[PDB]
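Below you will find one chain, with nothing else, as C-alpha cells; this is the form deposited in one PDB entry, and questions on how it binds or moves follow later.
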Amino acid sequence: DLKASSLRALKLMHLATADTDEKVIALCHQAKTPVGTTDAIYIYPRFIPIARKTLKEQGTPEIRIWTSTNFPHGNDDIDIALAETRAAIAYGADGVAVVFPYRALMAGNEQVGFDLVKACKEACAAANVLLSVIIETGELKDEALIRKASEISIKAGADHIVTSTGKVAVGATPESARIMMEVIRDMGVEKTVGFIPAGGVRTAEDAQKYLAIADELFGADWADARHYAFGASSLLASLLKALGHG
C-alpha cells in the first residue's frame, strides 16, 4: 500500500522549496525524479520565467508552474489581489493560488471572499490559468468556518480548494482535509473542484492518509492531477525513500 501511495503522491506533488534563481533552477531539477516527474512546482511569481526556461531545457515542459497571490496574508483588498493575479498570469503561471480573505470572513464578511475569489477567477479563466483558493484552515480553526470558506470559494469559481499557506504554524490536518472534501462532496462539485492539503505534509505516511480520505469519499479514480495535489517540499525525499530511491 505505502509504495503505491507514495508514487501516486509524487506524481501529484506541487513541489516547493523547503529564494533565488539558483534555488529555483535546483527545484526544477528535483521535480524530474528517477521514478517520474511531479505534476508541478510552486514558486513566487518573479521566478516563473526562469523556471519555465529550466523545465523546457531539461526536457520536462509538461511540469506545470503554480504561484500564489494575496499571499500569505489573505487581506481583503480585491484591487491588490486582482493586480497580483494579473501579474502572475503575465509572468506565465499555469495556476494561481489566491489566499481567501479569512480574517474578513471571521469578522462576519462573507461577501468580500466571494467577490475576491470571483474577480481572480475571472482573470485566470480569461488566460486559461487555473485558480485555487487557500482558506488557511489553521487560522479559521472551527469546522463551521472551514466549511463556509470552502463553500464560498466554490460558489465564486475556485478550481481547487487548499488548506494552508505554509506560512502560519498549523497547516493541513486529516480532519480539516476531510471537512473540505466533505464540502466538495456535499455540493456535488467533485468533477470541477479539486483538493490540495498543504503546509506541514512531511512524510509518506502523511500523504497516504490524505489520499485514503479522497479515495473513501470519491472513489479511488477521483484523485487525478486535475483534482488533487500535494503542496509540499521535503515530502519528496520521504516519498522517494519509500520507493527505494535515496
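Whichever C-alpha set is largest while still superposing within 1.5 Å between the two forms counts as the rigid core. Shifts are known only where both forms have a C-alpha. One-based numbering along the sequence shown.
Form deposited in another entry: not shown, discussed below.
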Exercise for the section: For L10, decide whether the Cα shift between the shown form and the other one is 2 Å or greater, given a superposition on the rigid core. Expected result: no
Problem - Core-aligned C-alpha movement of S238 between the shown form and the other one reaching 2 Å - result: no
Problem - CA-CA separation of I134 and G231, closer or farther in the other form than in the form shown [shift of 3 angstroms or more] - result: farther
Exercise for the section: Say whether the C-alpha atoms of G200 and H227 sit closer together or farther apart in the other form than in the form shown here, given that their separation changes by 3 Å or more. Expected result: closer
Exercise for the section: Fit the two forms on the core and write out the ranges of at least 3 consecutive residues whose every CA moves by 2 Å or more between the shown form and the other one. Expected result: 224 to 233
